[PDB]
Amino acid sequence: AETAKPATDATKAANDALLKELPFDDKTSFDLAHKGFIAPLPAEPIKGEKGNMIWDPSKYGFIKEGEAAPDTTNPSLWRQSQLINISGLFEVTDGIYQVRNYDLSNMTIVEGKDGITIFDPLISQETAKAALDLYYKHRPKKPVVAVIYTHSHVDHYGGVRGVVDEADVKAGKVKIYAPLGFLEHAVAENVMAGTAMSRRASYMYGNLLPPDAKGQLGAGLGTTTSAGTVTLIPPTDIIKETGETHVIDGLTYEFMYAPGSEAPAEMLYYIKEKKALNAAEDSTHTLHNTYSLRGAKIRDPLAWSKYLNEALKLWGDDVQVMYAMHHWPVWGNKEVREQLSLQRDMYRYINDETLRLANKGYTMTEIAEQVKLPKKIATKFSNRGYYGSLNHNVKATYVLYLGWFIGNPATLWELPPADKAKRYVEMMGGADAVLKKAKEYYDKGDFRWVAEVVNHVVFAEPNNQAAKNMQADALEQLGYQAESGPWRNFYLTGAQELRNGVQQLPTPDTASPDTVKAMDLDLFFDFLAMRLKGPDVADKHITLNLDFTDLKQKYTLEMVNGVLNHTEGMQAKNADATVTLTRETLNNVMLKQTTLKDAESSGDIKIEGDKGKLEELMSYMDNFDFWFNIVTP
């Protein structure tokens, strides 16, 4: 089995060119990333109760500040990887602390009148607990009086039970603040397309790669994701509009409601006494994703720009420090305004130039080839595509406005990848001839082309290892050149799977107990409907009446024409069966705590009518192999 190759001369030249374009002599990022350092993270890796690795703080130890970029790494991404590994407890300003790099995200702690308020308690309960214990090792041991979730992604709420006990939330001693839409979007994320998204995420975050100079370097936005217990306590206080002001633990918070920017539900806020702005995840030290390669709904760069502009309008004159839920802070009114201004301009440029070029008749990939950020934006390291990339953001923006079809009817009804591949290979003279021609292009450094054309040989002949080896070599050079962590990881993971095959592993975790319980029945029934093997059951008809005795809510589920419909507040006259149960019992079955059959046996699920129909319906539900092929058919 083939292994990683050296960087080609073409790769070295491409990376070296970046040294002239970017000001690597400027070390400002490092000063800011080290500023306010209090204490390092514990060296001991965090392990779960079951012995699983949750967080290894030395994972990317090979990446050291002061060490030159290996020639198999983009030097800008190497610089960023050094920066994101600067870890520990930091002071941002008087009374505001952050723990950085104990997870993908930062945890923030604000000292108020009587206690502390926690922002965005990481992905895992275990990392959040460790981050809070670190804070308490150095700062006074005062109670948590409030938690804020800045937005609806898992790395900003997942560890909540590690910092607060829900008994205190219920008793009114601790309030949890979140933007309008938080709960619905947090819970629904990774449900409907969860297997596709998580398998794609295994490429994105480089989880399958070795951490080394020819492997993964980190995700640009943070190093990687923890792998512990995801928890969720529903918020008690909802922020619904910008201008909203609340006193929390004696400090005055003014909010900006920012839906549809980086996340569906998101908010930024200013603490007036500290002249300190929380930019959430809308301004960090990278160009971010207006579209994530993991696979997600495409975001609106214009809305994002306008939120940054509104932040300037509201706080620009007064702000003294800006911090965010990833990366390090920026200090000084002038400096804060510059970051906000350049990033505002950057997201607007993506929007407006994509639209202008589309109105001129350019199509998706042509527009992405042309759009280049102005020098004043592009020469700041904070605006480089370490997580997002300009190219895939621009493509996504064309799709946001005009969809997938580029208008040329030659592209309306193309054959699928494996089918077109066979025809391409045939017309180019066969697999051997394609590889020989592709080699010439490779030696000229045209790896973008080699990766496209050799992909046809692979999809036509997936057992051709010579083809897979060459495709891997091409992807790998592109990986070596990639400034985006996610780009590098997609390329290098593709190369690895082509050389070695897909490694057979456990499906990872699926849905946390808290997440499942917070899921409304509408979402649950849509998820079951997604799993239905429609073509297998198109001629069949099952109607079930469900009665949830605790909720006093009734539903009709109707499997008909190969789909599963649901309706709240109805009961069918002619149902095959009536199913009576509590919501708790349903959660128990979905969390695989009891089987459907045992729930029926025990009487927790009572059935009137055809006793077999619920089991029958469930027997038509698909199951997904997590490790589906990506770089081969």
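Quick note: we count residues from 1 along the sequence shown, nothing fancier.
| said: Averaging CA B factors per stretch from the PDB record, which one is higher: 413-421 or 238-246? | reply: Taking the mean B-factor of the alpha carbons in each, 238-246 is higher.
| field | Between the two ranges 162-170 and 386-394, the one averaging a larger CA B factor in the entry | value | The stretch with the larger average C-alpha B-factor is 162-170.
| task | For the C-alpha B-factor as written in the entry, point me to the maximum among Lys142, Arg344, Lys297, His326. | result | The C-alpha B-factor peaks, among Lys142, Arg344, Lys297, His326, at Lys142.
| said: If I read the C-alpha B-factors straight from the PDB entry, which of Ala43, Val579, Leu564, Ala575 is highest? | reply: Going by the entry's C-alpha B-factors, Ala43 comes out highest.
| field | Assigned third (lowest, middle, highest) for the C-alpha B factor of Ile630 | value | Its C-alpha B-factor belongs to the lowest third of this chain's values.
| field | Within-chain third of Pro462 by Cα B-factor, per the entry | value | Ranked within chain, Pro462 CA B lands in the middle tercile.
| query | Once the chain's modelled residues are ordered by C-alpha B factor and cut into thirds, is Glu568 in the lowest, middle or highest one? | reply | Lowest third.
| request: Would you please rank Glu310 by its C-alpha temperature factor against the other modelled residues of its chain and give the third it falls in: lowest, middle or highest? | output: Tercile = middle for this residue's CA B-factor.
| query | Lowest, middle or highest third: where is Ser152 by Cα B-factor in its chain? | reply | Its C-alpha B-factor, which the entry lists for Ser152, ranks in the middle third among residues of this chain.
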